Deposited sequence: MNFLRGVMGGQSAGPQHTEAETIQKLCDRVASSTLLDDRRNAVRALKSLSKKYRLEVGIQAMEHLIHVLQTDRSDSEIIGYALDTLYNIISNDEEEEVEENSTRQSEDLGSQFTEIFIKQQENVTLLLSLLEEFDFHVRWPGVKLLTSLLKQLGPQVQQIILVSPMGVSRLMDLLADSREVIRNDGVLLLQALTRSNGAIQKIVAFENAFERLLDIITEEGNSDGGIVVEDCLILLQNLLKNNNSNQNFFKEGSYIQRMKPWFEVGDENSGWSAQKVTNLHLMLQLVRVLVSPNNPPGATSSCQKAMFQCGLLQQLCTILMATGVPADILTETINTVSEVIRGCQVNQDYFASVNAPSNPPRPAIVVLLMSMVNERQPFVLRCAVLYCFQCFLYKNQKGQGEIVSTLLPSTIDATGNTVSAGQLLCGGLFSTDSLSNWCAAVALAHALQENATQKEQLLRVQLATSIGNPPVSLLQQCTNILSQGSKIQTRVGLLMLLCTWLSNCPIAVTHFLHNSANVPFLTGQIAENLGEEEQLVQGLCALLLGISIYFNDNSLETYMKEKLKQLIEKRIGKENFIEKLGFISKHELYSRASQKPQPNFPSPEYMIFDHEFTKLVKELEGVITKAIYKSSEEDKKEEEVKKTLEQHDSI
């Protein structure tokens, strides 16, 4: 029986009076830790611990005790329960911290590996023991300063486990110089060309910053954002990028994004956007955005990063508009964006990213909005220099046969109009170039006409989000809409029908559009005053029925997700239904429209 033989090694370790004997026993008990743990765990563990408490004068036996404990605890779920047994006595963890003050390799290295495993398996509990132990975090931070690369590198992994989801420890590590030290490890290792140690440092940096407002502030106020610029100085290569270089650069971009996340306190993102402009980071990122031979996944992530760097920041938005591609007719980055978005051939995730970048370029940027719309107006301002305009590309996508391009172009245009009173009115002057035989038709009416043409649902959702955005807060748009006599009957007909579930969303959007045409109706068009439209709802469809159908939009499965996330990074083309900003409009208007409809007078 092994339970007995290991009991004899246990009693030797415990009772044996000479160091040499105890040591050979621990060494053998080690043999039985790998390939045989369970008894060793339940019968050797407290003796191995006793060797750590006594016997500290012999590095060799301590080494073996820790290697054996590592083997009891680590999984390369037995590992979980042995961890719980180990830490029952919290002094067992503080004893490990004491041992980590020793520099002898055979003590230090296994100590680091064991405490890392404990930390990975029972994070919150082990972290708490370390946090309240005097000098506990300090002794671990100092592992980064060990002369031996193997220890320093395993120290980074330990500190990932220590900092994970622990605000208090993250703040201590920041005060103890972690940002400078980790950035310097990355520089020395060669930035994104630096292999797995760089990846590990970047992961630790993410633990230090993600969901940590105080550390993001420390990062910014410590003038560390400028240290991120060299990371994106990639140019000598641009064909044979290793998988590890891609992994590193992806993490580096994610770090940039943490600092300008739309979910931060607004002042934090804004102040970081400014700092990124001042040290040349934004400019450097736009350089990779316009380079050649950048792997698809980096290109997409870089576009999504630049998006958040510019989002709502006038100086940065204006910088982005000044960026040109290196072509014989210089071509704005914005045009290069829109080309890709409506390119039926490009990868879906790239088309989504380019849409995000365009939305963020326009966000709170009335100047940019007016620049886009003005390319659609009969105004011979020298558009040449770049012959294809942003407006021409959006019209092409709007009326192309590809529903994805229809949706993206309609949403891109809605973002050009949103909260812009002037551009909503300007866009009403746009008349489509019609092909031979066809009568003239306004852009507004043509968008509307497409809704009754057997177009795909996706096409019609996009056009309806556009039309709702256009008419919202714009009585003159409402009048131009209502003045074409086909529009109200069409809307009431669509809403009144008893169609399948997928078609219900279109019905709901039709109800929103009809509601907008009541709520924002200035009663200047005798044919369709508010009371006439309301009586029409009652007769053709019924007031309660109207509201049920209006309610379909916000009750849709994908609506909740679109409302929470600004990024349009849908899983696949069939999920491309709702725009985030559009969800804000529905939230703003559904309630007040509902009240307007139920009102009697």
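- Residues 1 to 17, 94 to 107, 633 to 651 of the deposited sequence have no C-alpha coordinates in the structure.
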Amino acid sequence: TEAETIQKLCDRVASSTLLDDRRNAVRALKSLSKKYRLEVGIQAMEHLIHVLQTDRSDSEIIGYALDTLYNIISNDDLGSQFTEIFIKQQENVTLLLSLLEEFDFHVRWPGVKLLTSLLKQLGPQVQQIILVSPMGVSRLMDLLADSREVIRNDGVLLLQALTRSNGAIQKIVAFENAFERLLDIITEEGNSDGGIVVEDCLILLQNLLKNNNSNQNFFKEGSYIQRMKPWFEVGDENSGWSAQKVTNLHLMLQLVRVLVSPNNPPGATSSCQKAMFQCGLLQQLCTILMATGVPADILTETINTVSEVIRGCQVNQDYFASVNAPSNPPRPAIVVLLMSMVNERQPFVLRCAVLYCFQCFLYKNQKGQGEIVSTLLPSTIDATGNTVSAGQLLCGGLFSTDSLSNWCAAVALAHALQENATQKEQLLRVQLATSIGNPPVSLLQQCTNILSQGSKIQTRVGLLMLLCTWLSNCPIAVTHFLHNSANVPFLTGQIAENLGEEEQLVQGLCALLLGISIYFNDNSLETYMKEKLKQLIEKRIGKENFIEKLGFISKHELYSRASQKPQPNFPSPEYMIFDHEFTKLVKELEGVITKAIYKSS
From here on, numbers count along this sequence of modelled residues.
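- In this entry, 233 to 241 has the higher mean Cα B-factor, the comparison being between 233 to 241 and 489 to 497.
- Mean CA temperature factor is higher for 324 to 332 when stretches 108 to 116 and 324 to 332 are set side by side in the entry.
- Across the options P295, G155, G368, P265, the residue with the most elevated CA B-factor in the record is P265.
- Annotation for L259, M276, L350, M290: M290 ranks highest, by Cα B-factor.
- The deposited CA B-factor of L69 belongs to the middle third of values across its chain.
- The entry lists a Cα temperature factor for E548 that places it in the lowest third of the chain's modelled residues.
- Placement of the Cα temperature factor of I49 within the chain: middle third of the modelled residues, per the deposited record.
- Among the modelled residues of the chain, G397 sits in the middle third by CA temperature factor in this PDB entry.
- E308: CA B factor in the lowest third of modelled residues in this chain (values from the PDB entry).
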